[PDB]
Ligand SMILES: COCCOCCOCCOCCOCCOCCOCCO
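One chain is shown next in structure tokens, namely the form solved without the ligand.
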């Protein structure tokens, strides 16, 4: 299991100790407050009122928590995943990333606290 902070301004993302392997079932819970620029802050689902202006994940709002597994594209995490299994052929290290537009992470702030565990399978 892994617990750590994911900084909103960390464009490369936060690498975890979790290596997702075929057949694995995992659970993620994410909490906290972060911003993609404004003085306001949002939770791990991001800002539902803000337009997508080139986000690294088009399937979640700006400011949402997303992830990559090995060399996958971005996958929405939001507040978390419950006893979740990955798509076929998706495997490898889990990296957590704040959803923002490439090159615009410098004015971000805050972070999410995240737990990941592997479940019975």
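Positions refer to the first chain, counted from 1.
Below: the form deposited with the ligand bound, not depicted.
Each of 12, 70 and 74 is positioned with at least one heavy atom within 4.5 Å of the ligand in the entry with it bound. Of the heavy atoms in residue 29, none are within 4.5 Å of the ligand in the entry with it bound.
In the entry with it bound, no heavy atom of residue 18 sits within 4.5 Å of the ligand.
In the entry with it bound, just one residue of 32-56 lies within 4.5 Å of the ligand by at least one heavy atom: 56.
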